[PDB]
Amino acid sequence: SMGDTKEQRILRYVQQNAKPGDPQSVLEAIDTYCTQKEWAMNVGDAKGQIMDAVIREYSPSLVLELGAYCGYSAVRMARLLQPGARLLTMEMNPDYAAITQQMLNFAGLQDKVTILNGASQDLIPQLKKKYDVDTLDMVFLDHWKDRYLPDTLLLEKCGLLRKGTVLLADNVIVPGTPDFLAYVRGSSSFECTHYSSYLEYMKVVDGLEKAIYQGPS
Ligand SMILES: C[S@@+](CC[C@H](N)C(=O)[O-])C[C@H]1O[C@@H](n2cnc3c(N)ncnc32)[C@H](O)[C@@H]1O
Ligand SMILES: Cc1c(Cl)c(C)[n+]([O-])c(Cl)c1-c1noc(-c2cc(O)c(O)c([N+](=O)[O-])c2)n1
Ligand SMILES: [Cl-]
Ligand SMILES: [Mg+2]
Ligand code: NA
């Protein structure tokens with residue numbers, strides 16, 4: 001880092017307003033700061049509640065997140081994981097990864113979440129043999145939108161999905177992931193559900209796609 005950034009200001013706002021070890025207060029602080037002061041690409045409170053419902057329904061034991069940013073969604077999912085369950089979050093921006101680690105420490109979720117430093121297209125094919133992953137129980141896609149489809153394909157080709165694995169994809173309407181949608185909605189290897197919501201901190205309509213893997217063809 002070379003100066004003050006939006007992401008550093010978000011982290012400072014958490015550290016000055018939230019309660020350490022209280023994930024809810026961390027999420028409220030980030031949402032308050034980004035509603036009142038600086039828009040940011042956190043998944044946000046409205047879409048977060050859909051995320052909350054998915055986590056509580058499927059109780060995943062191992063979650064992979066693509067795109068950590070400041071750690072909002074990592075904190076948001078990890079606080080609802082069952083004891084022993086784990087979240088891996090991939091982040092290629094080292095400055096963001098350092099912020100995310102500080103957010104996890106502050107929220108008290110550092111023992112449940114591991115930051116993988118690097119790009120998803122490089123790390124996903126290495127998950128089985130470098131990070132000892134068998135299969136993933138849930139995947140949250142929220143990185144650059146042109147990577148949703150090839151990384152989904154990569155998750156499939158690398159044998160990281162099993163029957164019942166949950167793919168939850170942010171931003172499928174805005175900025176929009178039409179190619180990802182057409183793939184998962186048109187493949188009999190996925191059962192899809194679209195969740196109406198709003199772009200974080202705005203009243204532009206957005207949505208999440210839940211795509212449940214059904215096993216190989
Ligand atoms: C929208 S932010 C994620 C926000 C986070 N999921 C939340 O709701 O709090 C997208 C992040 O993905 C990272 N990113 C983009 N492409 C990536 C890739 N191929 N592999 C790993 N990280 C990537 C960017 O650095 C950025 O931090
Ligand atoms: C803010 C905004 C508005 Cl007001 C309008 C009208 N439109 O059309 C657009 Cl496209 C945007 C917009 N740009 O980027 C994002 C965004 C949101 C994410 O949740 C996310 O994850 C990522 N990302 O790049 O990872 C990007 N949203
Ligand atoms: Cl919101
Ligand atoms: Mg997003
Ligand atoms: Na634990």
Side-chain angles (χ1 to χ4, degrees), residues 4-118 120 123 127 131-134 136-143 165-166 168 170 197 200-201 208:
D4 200 40
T5 64
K6 179 163 76 200
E7 296 74 32
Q8 184 178 327
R9 293 188 284 272
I10 292 172
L11 177 66
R12 284 259 72 220
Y13 187 82
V14 169
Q15 285 167 340
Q16 290 175 328
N17 292 276
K19 177 162 154 254
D22 182 328
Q24 195 194 22
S25 76
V26 174
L27 301 170
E28 267 156 28
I30 294 163
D31 287 332
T32 295
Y33 186 77
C34 294
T35 296
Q36 299 183 341
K37 288 298 174 222
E38 292 190 76
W39 185 90
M41 51 187 189
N42 315 303
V43 74
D45 190 66
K47 290 192 275 164
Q49 286 192 264
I50 296 153
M51 171 168 324
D52 292 353
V54 168
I55 297 274
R56 292 195 234 245
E57 195 189 340
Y58 295 101
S59 323
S61 296
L62 180 55
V63 183
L64 169 61
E65 164 171 83
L66 309 178
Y69 193 43
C70 288
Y72 174 97
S73 56
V75 164
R76 178 135 212 150
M77 286 178 290
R79 85 188 204 279
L80 294 178
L81 293 177
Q82 289 308 124
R86 295 294 180 259
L87 165 72
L88 307 170
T89 183
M90 298 183 173
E91 180 50 66
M92 67 186 188
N93 190 318
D95 288 89
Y96 295 170
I99 302 273
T100 289
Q101 191 57 69
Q102 283 299 350
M103 206 68 79
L104 296 163
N105 292 354
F106 199 88
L109 303 169
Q110 74 284 348
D111 288 335
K112 298 178 164 292
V113 178
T114 306
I115 295 160
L116 308 190
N117 294 98
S120 53
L123 298 180
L127 282 174
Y131 302 75
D132 310 281
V133 170
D134 188 358
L136 308 164
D137 301 304
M138 177 171 155
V139 180
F140 179 56
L141 296 92
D142 194 27
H143 58 331
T165 302
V166 175
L168 183 66
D170 190 28
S197 193
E200 52 258 37
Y201 314 119
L208 293 96

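The first residue of the sequence shown is numbered 1, and numbering continues consecutively from there.
You'll find the side chain of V63 reaches within 4.5 Å of the side chain of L81, heavy atoms only. Side-chain atoms of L62 and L88, non-hydrogen and from C-beta on, do get closer than 4.5 Å to each other. In this structure the side chain of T165 never reaches within 4.5 angstrom of the side chain of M138, judged on heavy atoms. The shortest side-chain heavy-atom distance between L116 and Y131 falls under the 4.5 Å cut-off. Under the 4.5 Å side-chain criterion, counting only non-hydrogen atoms from C-beta, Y96 is in contact with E7.
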Would you please test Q101 and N105 for side chain to side chain contact (heavy atoms under 4.5 Å, CB included) and show each step?
CA-CA 6 Å; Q101 191 57 69; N105 292 354; 3.1 Å; yes
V166/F140 under side chain to side chain contact (heavy atoms under 4.5 Å, CB included): CA gap, chis, key distance, verdict
CA-CA 8 Å; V166 175; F140 179 56; over 6 Å; no
For the pair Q102 and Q15, evaluate side chain to side chain contact (heavy atoms under 4.5 Å, CB included) and give the outcome as yes or no after the intermediate values.
CA-CA 9 Å; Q102 283 299 350; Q15 285 167 340; 4.1 Å; yes
Going through the checks in order, is the side chain to side chain contact (heavy atoms under 4.5 Å, CB included) test met by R86 and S61?
CA-CA 6 Å; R86 295 294 180 259; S61 296; over 6 Å; no
Please walk me through it: do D45 and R76 pass salt bridge (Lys or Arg N to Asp or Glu O under 4.0 Å)?
CA-CA 9 Å; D45 190 66; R76 178 135 212 150; 3.3 Å; yes
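Side-chain N/O atoms of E65 and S73 include a donor and acceptor closer than 3.5 Å. For the 3.5 Å distance criterion, the side chains of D31 and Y72 qualify, holding a donor opposite an acceptor. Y69 and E91 share no side-chain donor-acceptor pair at under 3.5 Å.
The CD atom of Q16 lies 9.5 Å from the CG atom of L11; values are rounded to the nearest 0.5 Å. Note: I99 CD1 to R9 CZ = 10.5 Å, rounded to the nearest 0.5 Å. Expressed to the nearest 0.5 Å, how far NZ of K37 lies from NZ of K6 amounts to 15.0 Å. Distance check, rounded to the nearest 0.5 Å: SG of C70 to CD1 of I10 gives 4.5 Å. Going from atom CD of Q82 over to atom CD1 of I55 covers 10.5 Å, rounded to the nearest 0.5 Å. A distance of 8.5 Å separates CD1 of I50 from NZ of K47, quoted to the nearest 0.5 Å.
Listed here is the closest heavy atom pair of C34 and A40: SG-CB, 3.7 Å. In terms of heavy atoms, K112 sits closest to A78 at CD-O, 3.9 Å.
For the pairing with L64, the side-chain contact (heavy atoms from CB on, under 4.5 Å) check across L123, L127, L87, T89 returns one residue only, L127. When each of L109, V14, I30 is checked for a side-chain contact (heavy atoms from CB on, under 4.5 Å) with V75, only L109 meets the rule. Considering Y13, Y201, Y33 as possible partners of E38, the one that fulfils the side chain to side chain donor-acceptor pair (under 3.5 Å) test is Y33.
A salt bridge links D52 to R79: one of the charged nitrogens lies within less than 4.0 Å of a carboxylate oxygen.
Remark: side-chain polar atoms of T100 are paired, donor with acceptor, to backbone N or O of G71 under 3.5 angstrom. In this structure, the side chain of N42 does not engage the main chain of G44 through any donor-acceptor pair within 3.5 Å. Side-chain atoms of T35 never come within 3.5 Å of backbone atoms of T32 as a donor-acceptor pair (strictly under, hydrogens ignored).
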